[PDB]
Structures are given as structure tokens and as C-alpha cells.
């Protein structure tokens, strides 16, 4: 193979890159090849049959090649925790970026829009993967102004074995909330929701108890942007991503050529630099 077989004797932790509900992420060295990677250890107790079925379902990641999807290196199981070795993005994810920034300005968000539309499009068309948890922490950035997606649901079983240990319940679309089977129209919703978040610099809904929220999302109408201070186009984009009825939501084709996308393509945004400025890179 490109990498052969991976065993965690070869890795030497370099720093901690962050962590969250389901584990921890280290920057690591792959001593025998030189490769710097990000290592993601997911603790799962499961019947071996079914962990090898996962460590193999993941090999599909090797045929994910796009400048908009984080790059894969392999996955091995070790003493309890399935490991996913992936490309290291020296700029953490937009969630860390939001913390430092406060808000992320519209123009930077149209570039992220492009990156997401396109990166979801790759996965949809080249591989029939729906993302499944599009949120700021799942969109990553590097000092080269690249913006890649990760933590999409490649492995049917990893998905299954994860639906018992609860999600970003908060980023789920209303239909998905009312029980519907995940559809792409849900990825879109969660994208929009993310953009609004990063635009406003906080979860865009009035603060309530978790259970109230879930019905709040099902019952009340969707977030919208403050309308004084964002282009009418942006407002439309987000809006179109956020129509509650999933049959009227805009889709990836219809989005790819929206006013706000086209305007953003044309635009010259030194995101790379903005970034190093913002988080001190």
C-alpha cells in the first residue's frame, strides 16, 4: 500500500489539536514515513466482527480525492479506540476560528460557501456520501487558505454505532427532527445554519432548554440574518438553505449558481492572510 499497515507505535504525539463530545485529536508524527497527520481516536466498545467491518468500510476514504475534502491516510483499531489518520489542517476548524474572531465576515463566508457546496457535491456525485453533521467544527482551514470538509459519514456502521453514544441534535433540520430519514436536503439546512452562526458569532436561536429547542425548530420559523448589515444576496442564500419544508429547500445545483456564490467567485479574498492575522499563524 501507499502507507501499508498502521500501528500506533509509529506515531509520536506532537500537540493536542482539540477534542469534543466523542474523543480527542492530536497532531502526530508518523515516524517511519515523515508524514504529519491529525489523529482522531474514537472510543467505541464493539464486537470485533463489527469493528473490522468499520476499519474496512473506512478504506473507502482513500478514494476521496478533492481539494475540498480533508485527505485520508488510513484507519487502524488499537486497544479500544478506532483511529482515523487524516490530513493535518494547521488552522483548526471554523469553530476555533469563530472563538478567536468573534464573527466571520460575509466575504470570507462566501468562500466557505463555495468550499461546502463543492465539497458536498464531490461526495454526493463521486461517492454518494451525504455529509451527516455539517457544522462549523467539521469544516477545517489551513494557512494556505484552503477550506476542506471532514467527519462526513462514509461508513454505514460507524454511523450506526454512533447513533448510540446523541448528536448535534441542534443542527438537525426540522424534518430530520420530526423523524425523517437523512436526505441531502438536511446537509443544506445545516450548512445554512452554520453560516448564520458564524456570521452572527453565536448559535442563531433564542436560548432555551434543549428539549424546548428541538420542538422550537420544528414549530417556529427559521433563523434569518440581521438584515441591515449583510448583503441582500447573502440573506437570500442562507434563506434558501433554510426553508423548513425539505421539498422547497434549494439544492446543490440551484445553490452553486446563486447570486451570492457567483459574486463570491469573482471576489479576491486573501483568506489565507486574514486567518494568520486572526488566530496568529
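Numbering follows the first chain given and starts at 1.
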| note | In the entry, residues of the deposited sequence missing between residue 125 and residue 126 amount to none
| 131-139 or 84-92, whichever carries the higher mean Cα B-factor | 84-92
| request: Tell me which of 175-183 and 188-196 has the higher mean C-alpha B-factor in the deposited entry. | output: 175-183
| query | From 121, 107, 113, 78, which pick has the Cα B-factor that tops the rest in the entry? | reply | 78
| task | Relative to the other modelled residues of the same chain, rank the CA B-factor of residue 35 and answer lowest, middle or highest third. | result | lowest
| said: Splitting the chain's C-alpha B-factors into thirds, which one does residue 102 fall into? | reply: middle
| said: Could you place residue 145 in the lowest, middle or highest third of its chain by Cα temperature factor, using the values in the record? | reply: lowest
| Third of the chain's Cα B-factor distribution that residue 255 belongs to, per the entry | middle
| request: Would you mind checking where the Cα B-factor of residue 66 ranks among the modelled residues of its chain, as the lowest, middle or highest third? | output: lowest
